[PDB]
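Data file: coords-v8.cif. Format and content: mmCIF, N, CA and C atoms.
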data_model
loop_
_atom_site.group_PDB
_atom_site.id
_atom_site.type_symbol
_atom_site.label_atom_id
_atom_site.label_comp_id
_atom_site.auth_asym_id
_atom_site.auth_seq_id
_atom_site.Cartn_x
_atom_site.Cartn_y
_atom_site.Cartn_z
ATOM 1 N N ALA A 1 0.824 -1.202 0.000
ATOM 2 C CA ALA A 1 0.000 0.000 0.000
ATOM 3 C C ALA A 1 0.862 1.257 0.000
ATOM 4 N N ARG A 2 0.307 2.350 -0.515
ATOM 5 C CA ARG A 2 1.027 3.616 -0.576
ATOM 6 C C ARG A 2 0.184 4.749 0.002
ATOM 7 N N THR A 3 0.796 5.555 0.864
ATOM 8 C CA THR A 3 0.102 6.674 1.488
ATOM 9 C C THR A 3 0.932 7.950 1.407
ATOM 10 N N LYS A 4 2.181 7.868 1.851
ATOM 11 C CA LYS A 4 3.080 9.015 1.826
ATOM 12 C C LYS A 4 3.258 9.537 0.404
ATOM 13 N N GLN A 5 3.650 10.802 0.287
ATOM 14 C CA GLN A 5 3.857 11.419 -1.018
ATOM 15 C C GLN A 5 5.060 10.804 -1.726
ATOM 16 N N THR A 6 4.814 10.205 -2.888
ATOM 17 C CA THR A 6 5.875 9.577 -3.664
ATOM 18 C C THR A 6 5.662 9.789 -5.159
ATOM 19 N N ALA A 7 6.757 9.991 -5.885
ATOM 20 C CA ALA A 7 6.689 10.203 -7.326
ATOM 21 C C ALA A 7 7.876 9.557 -8.032
ATOM 22 N N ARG A 8 7.735 9.336 -9.335
ATOM 23 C CA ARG A 8 8.796 8.723 -10.124
ATOM 24 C C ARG A 8 9.826 9.765 -10.552
ATOM 25 N N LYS A 9 10.912 9.299 -11.162
ATOM 26 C CA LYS A 9 12.292 9.801 -10.824
ATOM 27 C C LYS A 9 12.413 11.220 -11.268
ATOM 28 N N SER A 10 12.078 11.505 -12.523
ATOM 29 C CA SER A 10 12.183 12.859 -13.055
ATOM 30 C C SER A 10 11.208 13.067 -14.209
ATOM 31 N N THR A 11 10.171 13.862 -13.962
ATOM 32 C CA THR A 11 9.165 14.143 -14.979
ATOM 33 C C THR A 11 9.108 15.633 -15.299
ATOM 34 N N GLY A 12 8.658 15.957 -16.507
ATOM 35 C CA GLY A 12 8.562 17.346 -16.915
ATOM 36 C C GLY A 12 9.768 17.801 -17.714
ATOM 37 N N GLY A 13 9.863 17.335 -18.956
ATOM 38 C CA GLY A 13 10.980 17.708 -19.805
ATOM 39 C C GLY A 13 10.645 17.611 -21.279
ATOM 40 N N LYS A 14 10.451 18.762 -21.917
ATOM 41 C CA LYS A 14 10.123 18.804 -23.337
ATOM 42 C C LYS A 14 11.356 18.519 -24.190
ATOM 43 N N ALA A 15 11.136 17.948 -25.369
ATOM 44 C CA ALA A 15 12.228 17.628 -26.278
ATOM 45 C C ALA A 15 12.167 18.492 -27.534
ATOM 46 N N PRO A 16 12.598 19.755 -27.405
ATOM 47 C CA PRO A 16 12.603 20.707 -28.520
ATOM 48 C C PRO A 16 13.644 20.356 -29.577
ATOM 49 N N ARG A 17 13.523 20.974 -30.748
ATOM 50 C CA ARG A 17 14.454 20.726 -31.843
ATOM 51 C C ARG A 17 15.842 21.267 -31.510
ATOM 52 N N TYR A 18 15.901 22.543 -31.144
ATOM 53 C CA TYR A 18 17.167 23.181 -30.803
ATOM 54 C C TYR A 18 17.679 22.689 -29.452
ATOM 55 N N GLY B 1 -35.273 26.390 2.806
ATOM 56 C CA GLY B 1 -34.130 25.723 2.213
ATOM 57 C C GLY B 1 -34.069 24.250 2.566
ATOM 58 N N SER B 2 -34.278 23.395 1.569
ATOM 59 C CA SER B 2 -34.252 21.953 1.781
ATOM 60 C C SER B 2 -33.404 21.263 0.718
ATOM 61 N N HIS B 3 -32.834 20.116 1.078
ATOM 62 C CA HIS B 3 -31.998 19.357 0.155
ATOM 63 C C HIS B 3 -32.851 18.646 -0.892
ATOM 64 N N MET B 4 -32.672 19.028 -2.152
ATOM 65 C CA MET B 4 -33.424 18.427 -3.247
ATOM 66 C C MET B 4 -32.552 18.279 -4.490
ATOM 67 N N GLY B 5 -32.573 17.089 -5.084
ATOM 68 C CA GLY B 5 -31.779 16.841 -6.272
ATOM 69 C C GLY B 5 -30.290 16.859 -5.991
ATOM 70 N N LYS B 6 -29.740 15.700 -5.645
ATOM 71 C CA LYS B 6 -28.317 15.586 -5.348
ATOM 72 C C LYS B 6 -27.545 15.088 -6.565
ATOM 73 N N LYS B 7 -26.265 15.437 -6.631
ATOM 74 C CA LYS B 7 -25.415 15.024 -7.742
ATOM 75 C C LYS B 7 -24.130 14.381 -7.234
ATOM 76 N N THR B 8 -23.605 13.430 -8.001
ATOM 77 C CA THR B 8 -22.379 12.736 -7.628
ATOM 78 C C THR B 8 -21.557 12.373 -8.860
ATOM 79 N N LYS B 9 -20.267 12.689 -8.820
ATOM 80 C CA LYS B 9 -19.371 12.394 -9.932
ATOM 81 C C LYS B 9 -17.949 12.155 -9.435
ATOM 82 N N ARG B 10 -17.503 10.905 -9.512
ATOM 83 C CA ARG B 10 -16.161 10.545 -9.071
ATOM 84 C C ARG B 10 -15.460 9.677 -10.114
ATOM 85 N N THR B 11 -14.137 9.784 -10.172
ATOM 86 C CA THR B 11 -13.350 9.012 -11.124
ATOM 87 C C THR B 11 -12.168 8.334 -10.439
ATOM 88 N N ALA B 12 -11.942 7.067 -10.775
ATOM 89 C CA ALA B 12 -10.842 6.307 -10.194
ATOM 90 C C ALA B 12 -10.395 5.189 -11.128
ATOM 91 N N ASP B 13 -9.099 4.895 -11.114
ATOM 92 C CA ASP B 13 -8.544 3.846 -11.960
ATOM 93 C C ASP B 13 -8.536 2.506 -11.230
ATOM 94 N N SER B 14 -8.897 1.449 -11.941
ATOM 95 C CA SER B 14 -8.929 0.086 -11.334
ATOM 96 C C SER B 14 -7.695 -0.677 -11.742
ATOM 97 N N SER B 15 -6.655 -0.510 -10.939
ATOM 98 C CA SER B 15 -5.358 -1.199 -11.209
ATOM 99 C C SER B 15 -4.896 -1.910 -9.963
ATOM 100 N N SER B 16 -5.385 -3.133 -9.815
ATOM 101 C CA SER B 16 -5.022 -3.968 -8.631
ATOM 102 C C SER B 16 -3.768 -4.748 -8.929
ATOM 103 N N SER B 17 -2.642 -4.098 -8.676
ATOM 104 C CA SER B 17 -1.315 -4.737 -8.920
ATOM 105 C C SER B 17 -0.245 -3.971 -8.185
ATOM 106 N N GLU B 18 0.724 -4.726 -7.675
ATOM 107 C CA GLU B 18 1.835 -4.145 -6.933
ATOM 108 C C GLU B 18 3.171 -4.539 -7.556
ATOM 109 N N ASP B 19 4.067 -3.567 -7.683
ATOM 110 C CA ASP B 19 5.383 -3.812 -8.261
ATOM 111 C C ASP B 19 6.333 -2.657 -7.959
ATOM 112 N N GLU B 20 7.618 -2.973 -7.824
ATOM 113 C CA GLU B 20 8.626 -1.961 -7.533
ATOM 114 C C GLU B 20 8.856 -1.058 -8.742
ATOM 115 N N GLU B 21 8.454 0.203 -8.616
ATOM 116 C CA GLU B 21 8.615 1.166 -9.699
ATOM 117 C C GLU B 21 8.914 2.558 -9.148
ATOM 118 N N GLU B 22 8.055 3.030 -8.251
ATOM 119 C CA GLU B 22 8.226 4.347 -7.649
ATOM 120 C C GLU B 22 9.259 4.303 -6.527
ATOM 121 N N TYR B 23 9.906 5.437 -6.282
ATOM 122 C CA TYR B 23 10.920 5.528 -5.239
ATOM 123 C C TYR B 23 10.572 6.622 -4.234
ATOM 124 N N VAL B 24 10.838 6.354 -2.960
ATOM 125 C CA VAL B 24 10.556 7.314 -1.900
ATOM 126 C C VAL B 24 11.837 7.965 -1.392
ATOM 127 N N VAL B 25 11.756 9.257 -1.087
ATOM 128 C CA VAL B 25 12.910 9.997 -0.590
ATOM 129 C C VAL B 25 13.023 9.885 0.927
ATOM 130 N N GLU B 26 14.251 9.960 1.431
ATOM 131 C CA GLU B 26 14.494 9.865 2.865
ATOM 132 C C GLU B 26 14.717 11.248 3.471
ATOM 133 N N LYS B 27 15.685 11.977 2.927
ATOM 134 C CA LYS B 27 16.000 13.316 3.412
ATOM 135 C C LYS B 27 17.100 13.954 2.570
ATOM 136 N N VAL B 28 17.249 15.270 2.698
ATOM 137 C CA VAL B 28 18.266 15.999 1.951
ATOM 138 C C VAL B 28 19.663 15.696 2.483
ATOM 139 N N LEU B 29 20.643 15.692 1.587
ATOM 140 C CA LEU B 29 22.025 15.418 1.966
ATOM 141 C C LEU B 29 22.914 16.627 1.695
ATOM 142 N N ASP B 30 22.837 17.151 0.477
ATOM 143 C CA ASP B 30 23.633 18.310 0.091
ATOM 144 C C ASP B 30 22.876 19.181 -0.906
ATOM 145 N N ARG B 31 23.408 20.370 -1.169
ATOM 146 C CA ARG B 31 22.781 21.298 -2.103
ATOM 147 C C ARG B 31 23.820 21.917 -3.035
ATOM 148 N N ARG B 32 23.456 22.065 -4.304
ATOM 149 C CA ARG B 32 24.356 22.640 -5.296
ATOM 150 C C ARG B 32 23.574 23.209 -6.475
ATOM 151 N N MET B 33 24.074 24.306 -7.037
ATOM 152 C CA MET B 33 23.422 24.947 -8.172
ATOM 153 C C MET B 33 24.284 24.842 -9.426
ATOM 154 N N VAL B 34 23.652 24.513 -10.548
ATOM 155 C CA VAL B 34 24.362 24.380 -11.815
ATOM 156 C C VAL B 34 23.485 24.816 -12.984
ATOM 157 N N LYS B 35 24.077 25.556 -13.915
ATOM 158 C CA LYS B 35 23.350 26.036 -15.086
ATOM 159 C C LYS B 35 22.120 26.835 -14.673
ATOM 160 N N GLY B 36 22.298 27.734 -13.709
ATOM 161 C CA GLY B 36 21.193 28.549 -13.241
ATOM 162 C C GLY B 36 20.053 27.718 -12.684
ATOM 163 N N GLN B 37 20.380 26.533 -12.179
ATOM 164 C CA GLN B 37 19.375 25.640 -11.616
ATOM 165 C C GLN B 37 19.861 25.032 -10.304
ATOM 166 N N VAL B 38 19.059 25.183 -9.255
ATOM 167 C CA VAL B 38 19.408 24.648 -7.944
ATOM 168 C C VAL B 38 18.952 23.200 -7.802
ATOM 169 N N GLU B 39 19.856 22.345 -7.336
ATOM 170 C CA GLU B 39 19.546 20.931 -7.155
ATOM 171 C C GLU B 39 19.873 20.480 -5.734
ATOM 172 N N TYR B 40 19.173 19.451 -5.270
ATOM 173 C CA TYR B 40 19.385 18.925 -3.928
ATOM 174 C C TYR B 40 19.612 17.417 -3.963
ATOM 175 N N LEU B 41 20.591 16.954 -3.193
ATOM 176 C CA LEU B 41 20.911 15.531 -3.134
ATOM 177 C C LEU B 41 19.894 14.780 -2.280
ATOM 178 N N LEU B 42 19.020 14.027 -2.936
ATOM 179 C CA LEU B 42 17.998 13.255 -2.237
ATOM 180 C C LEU B 42 18.329 11.766 -2.260
ATOM 181 N N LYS B 43 17.965 11.068 -1.190
ATOM 182 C CA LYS B 43 18.219 9.636 -1.086
ATOM 183 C C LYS B 43 16.935 8.839 -1.292
ATOM 184 N N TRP B 44 16.910 8.027 -2.342
ATOM 185 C CA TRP B 44 15.741 7.209 -2.648
ATOM 186 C C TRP B 44 15.799 5.878 -1.906
ATOM 187 N N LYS B 45 14.639 5.260 -1.716
ATOM 188 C CA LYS B 45 14.556 3.980 -1.023
ATOM 189 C C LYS B 45 15.483 2.954 -1.664
ATOM 190 N N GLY B 46 16.446 2.464 -0.888
ATOM 191 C CA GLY B 46 17.382 1.480 -1.398
ATOM 192 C C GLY B 46 18.650 2.111 -1.937
ATOM 193 N N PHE B 47 18.529 3.328 -2.457
ATOM 194 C CA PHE B 47 19.674 4.040 -3.011
ATOM 195 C C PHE B 47 20.481 4.714 -1.906
ATOM 196 N N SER B 48 21.785 4.849 -2.131
ATOM 197 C CA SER B 48 22.668 5.472 -1.153
ATOM 198 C C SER B 48 23.383 6.677 -1.758
ATOM 199 N N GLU B 49 24.041 7.457 -0.904
ATOM 200 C CA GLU B 49 24.763 8.641 -1.352
ATOM 201 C C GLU B 49 25.787 8.279 -2.426
ATOM 202 N N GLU B 50 26.183 7.011 -2.453
ATOM 203 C CA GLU B 50 27.159 6.536 -3.428
ATOM 204 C C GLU B 50 26.708 6.862 -4.850
ATOM 205 N N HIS B 51 25.404 6.768 -5.087
ATOM 206 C CA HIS B 51 24.845 7.051 -6.404
ATOM 207 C C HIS B 51 24.852 8.551 -6.685
ATOM 208 N N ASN B 52 24.925 9.347 -5.624
ATOM 209 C CA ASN B 52 24.938 10.799 -5.756
ATOM 210 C C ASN B 52 23.829 11.270 -6.691
ATOM 211 N N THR B 53 22.584 11.091 -6.260
ATOM 212 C CA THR B 53 21.433 11.497 -7.058
ATOM 213 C C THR B 53 20.997 12.916 -6.712
ATOM 214 N N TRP B 54 20.798 13.735 -7.737
ATOM 215 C CA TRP B 54 20.378 15.119 -7.539
ATOM 216 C C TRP B 54 18.977 15.346 -8.097
ATOM 217 N N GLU B 55 18.216 16.215 -7.437
ATOM 218 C CA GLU B 55 16.857 16.520 -7.868
ATOM 219 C C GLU B 55 16.629 18.028 -7.921
ATOM 220 N N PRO B 56 15.964 18.489 -8.992
ATOM 221 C CA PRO B 56 15.666 19.911 -9.188
ATOM 222 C C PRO B 56 14.628 20.427 -8.197
ATOM 223 N N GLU B 57 14.676 21.727 -7.921
ATOM 224 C CA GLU B 57 13.739 22.344 -6.990
ATOM 225 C C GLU B 57 12.297 22.043 -7.390
ATOM 226 N N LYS B 58 12.004 22.189 -8.678
ATOM 227 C CA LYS B 58 10.663 21.933 -9.192
ATOM 228 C C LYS B 58 10.160 20.565 -8.742
ATOM 229 N N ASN B 59 11.003 19.549 -8.897
ATOM 230 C CA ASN B 59 10.644 18.191 -8.506
ATOM 231 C C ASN B 59 10.690 18.032 -6.989
ATOM 232 N N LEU B 60 11.555 18.807 -6.344
ATOM 233 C CA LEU B 60 11.697 18.753 -4.894
ATOM 234 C C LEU B 60 10.358 18.998 -4.205
ATOM 235 N N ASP B 61 9.760 17.929 -3.691
ATOM 236 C CA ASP B 61 8.476 18.027 -3.004
ATOM 237 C C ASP B 61 8.650 17.845 -1.500
ATOM 238 N N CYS B 62 9.632 18.537 -0.935
ATOM 239 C CA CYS B 62 9.905 18.450 0.496
ATOM 240 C C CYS B 62 10.740 19.638 0.963
ATOM 241 N N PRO B 63 10.071 20.775 1.200
ATOM 242 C CA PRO B 63 10.731 22.003 1.652
ATOM 243 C C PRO B 63 11.242 21.891 3.085
ATOM 244 N N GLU B 64 10.430 21.297 3.954
ATOM 245 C CA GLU B 64 10.802 21.129 5.354
ATOM 246 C C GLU B 64 12.204 20.539 5.477
ATOM 247 N N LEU B 65 12.511 19.575 4.617
ATOM 248 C CA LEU B 65 13.818 18.927 4.628
ATOM 249 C C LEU B 65 14.938 19.959 4.531
ATOM 250 N N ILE B 66 14.738 20.963 3.684
ATOM 251 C CA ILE B 66 15.729 22.015 3.500
ATOM 252 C C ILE B 66 15.737 22.976 4.684
ATOM 253 N N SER B 67 14.547 23.324 5.163
ATOM 254 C CA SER B 67 14.416 24.239 6.292
ATOM 255 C C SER B 67 15.284 23.785 7.462
ATOM 256 N N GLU B 68 15.127 22.524 7.854
ATOM 257 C CA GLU B 68 15.895 21.968 8.961
ATOM 258 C C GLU B 68 17.363 21.804 8.576
ATOM 259 N N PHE B 69 17.600 21.335 7.356
ATOM 260 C CA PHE B 69 18.958 21.131 6.866
ATOM 261 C C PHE B 69 19.791 22.399 7.028
ATOM 262 N N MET B 70 19.204 23.536 6.667
ATOM 263 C CA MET B 70 19.891 24.817 6.774
ATOM 264 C C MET B 70 20.342 25.077 8.207
ATOM 265 N N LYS B 71 19.522 24.658 9.165
ATOM 266 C CA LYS B 71 19.837 24.843 10.576
ATOM 267 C C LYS B 71 21.168 24.184 10.928
ATOM 268 N N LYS B 72 21.309 22.916 10.562
ATOM 269 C CA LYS B 72 22.533 22.172 10.836
ATOM 270 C C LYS B 72 23.701 22.729 10.028
ATOM 271 N N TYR B 73 23.488 22.895 8.727
ATOM 272 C CA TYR B 73 24.523 23.419 7.844
ATOM 273 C C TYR B 73 25.072 24.741 8.373
ATOM 274 N N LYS B 74 24.173 25.613 8.814
ATOM 275 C CA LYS B 74 24.565 26.912 9.348
ATOM 276 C C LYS B 74 25.658 26.762 10.400
ATOM 277 N N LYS B 75 25.420 25.890 11.375
ATOM 278 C CA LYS B 75 26.384 25.650 12.441
ATOM 279 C C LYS B 75 27.723 25.194 11.871
ATOM 280 N N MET B 76 27.668 24.319 10.871
ATOM 281 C CA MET B 76 28.878 23.807 10.237
ATOM 282 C C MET B 76 29.767 24.951 9.760
ATOM 283 N N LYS B 77 29.193 25.850 8.968
ATOM 284 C CA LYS B 77 29.933 26.993 8.443
ATOM 285 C C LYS B 77 30.082 28.078 9.506
ATOM 286 N N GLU B 78 31.215 28.773 9.480
ATOM 287 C CA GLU B 78 31.478 29.838 10.439
ATOM 288 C C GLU B 78 30.851 31.152 9.981
ATOM 289 N N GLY B 79 29.882 31.639 10.752
ATOM 290 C CA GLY B 79 29.217 32.882 10.409
ATOM 291 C C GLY B 79 29.071 33.810 11.599
ATOM 292 N N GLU B 80 27.938 34.501 11.674
ATOM 293 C CA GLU B 80 27.680 35.427 12.770
ATOM 294 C C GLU B 80 26.301 35.185 13.375
ATOM 295 N N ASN B 81 26.169 35.471 14.666
ATOM 296 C CA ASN B 81 24.902 35.283 15.365
ATOM 297 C C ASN B 81 24.044 36.542 15.282
ATOM 298 N N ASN B 82 22.759 36.357 14.998
ATOM 299 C CA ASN B 82 21.832 37.478 14.891
ATOM 300 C C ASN B 82 20.432 37.071 15.343
ATOM 301 N N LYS B 83 19.673 38.040 15.844
ATOM 302 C CA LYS B 83 18.316 37.785 16.310
ATOM 303 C C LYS B 83 17.341 38.808 15.734
#
Show the structure stored in the file as structure tokens.
Amino acid sequence: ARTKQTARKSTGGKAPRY
Amino acid sequence: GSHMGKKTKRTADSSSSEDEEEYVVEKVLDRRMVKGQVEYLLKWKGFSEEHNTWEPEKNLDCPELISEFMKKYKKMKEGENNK
């Protein structure tokens, strides 16, 4: 079971051309 | 004023399964800034400082860890007392 705040390793990263 | 016509709307995913994927943080270890970005050394469940894992402020979901950390760090470095 999970209760405490937990997230996966690194999210939020766009892959632009430049 | 009386209760008439009630509404209910809830959403939830049905995924009854357990597996090692997500990692939990223990506490802050060190702090460093690079490329105009501040990062903090966090320890994940099972992982040790040996891996030297850094996490960005944005991802950093534990401010209290830093608040207290600063207290100890302060003593480490030689500064001045103020109230």
- [ ] Could you please tell me, as a list in words, which residues of chain A have an atom within 10 Å of chain B when using only C-alpha atoms?
- [x]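 Selected residues: residues 1, 4, 5, 6, 7, 8, 9, 10, 11 and 12 of chain A.
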Which residues come within 8 Å of residue B:53, counting only C-alpha atoms, excluding same-chain residues fewer than 4 positions away, as a PDB file with N, CA and C atoms, in the coordinates of the input?
ATOM      1  N   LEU B  41      20.591  16.954  -3.193  1.00  0.00           N
ATOM      2  CA  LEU B  41      20.911  15.531  -3.134  1.00  0.00           C
ATOM      3  C   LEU B  41      19.894  14.780  -2.280  1.00  0.00           C
ATOM      4  N   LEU B  42      19.020  14.027  -2.936  1.00  0.00           N
ATOM      5  CA  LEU B  42      17.998  13.255  -2.237  1.00  0.00           C
ATOM      6  C   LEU B  42      18.329  11.766  -2.260  1.00  0.00           C
ATOM      7  N   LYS B  43      17.965  11.068  -1.190  1.00  0.00           N
ATOM      8  CA  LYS B  43      18.219   9.636  -1.086  1.00  0.00           C
ATOM      9  C   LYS B  43      16.935   8.839  -1.292  1.00  0.00           C
ATOM     10  N   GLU B  49      24.041   7.457  -0.904  1.00  0.00           N
ATOM     11  CA  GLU B  49      24.763   8.641  -1.352  1.00  0.00           C
ATOM     12  C   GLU B  49      25.787   8.279  -2.426  1.00  0.00           C
TER      13      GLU B  49
END
Open item on the list: What parts of chain B does DSSP call strand (DSSP E or B)? I'd like the answer as JSON, numbers by chain.
Closed with: {"B": [23, 25, 26, 27, 28, 29, 30, 31, 32, 33, 34, 37, 38, 39, 40, 41, 42, 43, 44, 54, 55, 56]}
Task: Distance of atom C of residue B:28 from atom CA of residue B:71, expressed in Å to one decimal place - done: 12.2 Å
Give the centre and edge lengths of an axis-aligned box, in Å to one decimal, that holds all listed atoms of stretch 66-81 of chain B with 8 Å on each side, as lines of an AutoDock Vina configuration file.
center_x = 22.9
center_y = 28.8
center_z = 9.4
size_x = 33.1
size_y = 31.6
size_z = 27.9
TODO: Kindly give the distance, in Å, that separates atom CA of residue B:38 and atom CA of residue B:54, rounded to a single decimal.
DONE: 9.6 Å
Open item on the list: To one decimal place in Å, what is the distance between atom C of residue B:52 and atom C of residue B:40?
Closed with: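 About the pair atom C of residue B:52 and atom C of residue B:40: they are 7.9 Å apart.
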Grab stretch 3-15 of chain A from that structure and dump N, CA, C and O atoms to a file, as a PDB file, in the first residue's frame.
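Produced file selection-v7.pdb, reproduced below:
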ATOM      1  N   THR A   3       0.796   5.555   0.864  1.00  0.00           N
ATOM      2  CA  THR A   3       0.102   6.674   1.488  1.00  0.00           C
ATOM      3  C   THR A   3       0.932   7.950   1.407  1.00  0.00           C
ATOM      4  O   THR A   3       0.450   8.988   0.950  1.00  0.00           O
ATOM      5  N   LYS A   4       2.181   7.868   1.851  1.00  0.00           N
ATOM      6  CA  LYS A   4       3.080   9.015   1.826  1.00  0.00           C
ATOM      7  C   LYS A   4       3.258   9.537   0.404  1.00  0.00           C
ATOM      8  O   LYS A   4       3.045   8.808  -0.565  1.00  0.00           O
ATOM      9  N   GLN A   5       3.650  10.802   0.287  1.00  0.00           N
ATOM     10  CA  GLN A   5       3.857  11.419  -1.018  1.00  0.00           C
ATOM     11  C   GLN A   5       5.060  10.804  -1.726  1.00  0.00           C
ATOM     12  O   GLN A   5       6.186  10.870  -1.233  1.00  0.00           O
ATOM     13  N   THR A   6       4.814  10.205  -2.888  1.00  0.00           N
ATOM     14  CA  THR A   6       5.875   9.577  -3.664  1.00  0.00           C
ATOM     15  C   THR A   6       5.662   9.789  -5.159  1.00  0.00           C
ATOM     16  O   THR A   6       4.531   9.768  -5.642  1.00  0.00           O
ATOM     17  N   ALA A   7       6.757   9.991  -5.885  1.00  0.00           N
ATOM     18  CA  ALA A   7       6.689  10.203  -7.326  1.00  0.00           C
ATOM     19  C   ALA A   7       7.876   9.557  -8.032  1.00  0.00           C
ATOM     20  O   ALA A   7       8.898   9.267  -7.409  1.00  0.00           O
ATOM     21  N   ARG A   8       7.735   9.336  -9.335  1.00  0.00           N
ATOM     22  CA  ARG A   8       8.796   8.723 -10.124  1.00  0.00           C
ATOM     23  C   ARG A   8       9.826   9.765 -10.552  1.00  0.00           C
ATOM     24  O   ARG A   8       9.643  10.974 -10.334  1.00  0.00           O
ATOM     25  N   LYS A   9      10.912   9.299 -11.162  1.00  0.00           N
ATOM     26  CA  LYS A   9      12.292   9.801 -10.824  1.00  0.00           C
ATOM     27  C   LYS A   9      12.413  11.220 -11.268  1.00  0.00           C
ATOM     28  O   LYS A   9      12.828  12.067 -10.477  1.00  0.00           O
ATOM     29  N   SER A  10      12.078  11.505 -12.523  1.00  0.00           N
ATOM     30  CA  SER A  10      12.183  12.859 -13.055  1.00  0.00           C
ATOM     31  C   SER A  10      11.208  13.067 -14.209  1.00  0.00           C
ATOM     32  O   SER A  10      11.388  12.521 -15.297  1.00  0.00           O
ATOM     33  N   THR A  11      10.171  13.862 -13.962  1.00  0.00           N
ATOM     34  CA  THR A  11       9.165  14.143 -14.979  1.00  0.00           C
ATOM     35  C   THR A  11       9.108  15.633 -15.299  1.00  0.00           C
ATOM     36  O   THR A  11       9.463  16.469 -14.470  1.00  0.00           O
ATOM     37  N   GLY A  12       8.658  15.957 -16.507  1.00  0.00           N
ATOM     38  CA  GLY A  12       8.562  17.346 -16.915  1.00  0.00           C
ATOM     39  C   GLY A  12       9.768  17.801 -17.714  1.00  0.00           C
ATOM     40  O   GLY A  12      10.600  18.558 -17.218  1.00  0.00           O
ATOM     41  N   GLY A  13       9.863  17.335 -18.956  1.00  0.00           N
ATOM     42  CA  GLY A  13      10.980  17.708 -19.805  1.00  0.00           C
ATOM     43  C   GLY A  13      10.645  17.611 -21.279  1.00  0.00           C
ATOM     44  O   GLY A  13      10.560  16.515 -21.835  1.00  0.00           O
ATOM     45  N   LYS A  14      10.451  18.762 -21.917  1.00  0.00           N
ATOM     46  CA  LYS A  14      10.123  18.804 -23.337  1.00  0.00           C
ATOM     47  C   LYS A  14      11.356  18.519 -24.190  1.00  0.00           C
ATOM     48  O   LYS A  14      12.480  18.812 -23.787  1.00  0.00           O
ATOM     49  N   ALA A  15      11.136  17.948 -25.369  1.00  0.00           N
ATOM     50  CA  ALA A  15      12.228  17.628 -26.278  1.00  0.00           C
ATOM     51  C   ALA A  15      12.167  18.492 -27.534  1.00  0.00           C
ATOM     52  O   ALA A  15      11.746  18.048 -28.603  1.00  0.00           O
TER      53      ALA A  15
END
